[PDB]
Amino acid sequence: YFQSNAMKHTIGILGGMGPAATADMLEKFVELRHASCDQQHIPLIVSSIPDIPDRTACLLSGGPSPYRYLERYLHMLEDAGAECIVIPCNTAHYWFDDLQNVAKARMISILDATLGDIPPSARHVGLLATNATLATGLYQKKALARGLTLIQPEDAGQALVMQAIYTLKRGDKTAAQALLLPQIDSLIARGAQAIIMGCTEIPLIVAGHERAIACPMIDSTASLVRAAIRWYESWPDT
């Protein structure tokens, strides 16, 4: 399988962070790839092994590091024949450069993909993300380089965004939506021209309410999927 999977430009999804976001990524690979039939869709191998330690607990509360888990499942995907690896978790990109160095497969960053899909006129941009993604500034250096100004929720509001994410991770979308939606309105009221959904649970909470939201919402999961499809479609046989 390995050599023919590699010849076929198989994409590996390093997911499980969390599992609903990984399932959402798979749906988006189906929705965003033009295919005449089953056989024209993207070849995908998915790691949805969610025992990976909590990313914010590690970065902000001294919890066990997820790195060695990420490294192990990365190598599992490569050994299965993945030639490109994508990670449907923003906070995990704290370790992106580390994983890239040990990877033989190509890796595509969710951060670059997401920032690249912001309309050029949107210069003041809200950011919905986990505490650790904000605190370690994962989007900060890259946003500054593109001439963007990020707006994040205040301390009280950011606690509610974190609650929404973990309520989604617990399986209660309706509760998560009631928590998140006033924070989206607050970001707009403070002048967000666009809002980055910079945690891959956020698209799952917003889904069905984009019409009720004044400004565009940038879907980091979809941005990464689109980038991976462009990689897949750039080969001479594709």
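Numbering starts at 1 and runs along the sequence shown.
- Mean C-alpha B-factor is higher over 122-130 than over the other stretch, the pair under comparison being 122-130 and 106-114.
- Relative to one another, 142-150 and 160-168 have unequal mean CA B-factors, and 142-150 is the one with the higher figure.
- When the C-alpha B-factors of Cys37, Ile205, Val30, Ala192 are read from the PDB record, the largest value belongs to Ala192.
- Looking at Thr200, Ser65, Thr174, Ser47, the one whose CA carries the top B-factor in the deposited record is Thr174.
- In the PDB entry, a CA B factor belonging to the highest third of its chain's modelled residues is recorded for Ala214.
- Among the modelled residues of its chain, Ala178 has a C-alpha B-factor that falls in the highest third, as given in the PDB entry.
- When the modelled residues of the chain are ordered by their C-alpha B factor, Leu70 lands in the lowest third.
- In the deposited entry, the Cα temperature factor of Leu26 sits in the bottom third of values across the chain's modelled residues.
- The deposited CA B-factor of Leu59 belongs to the middle third of values across its chain.
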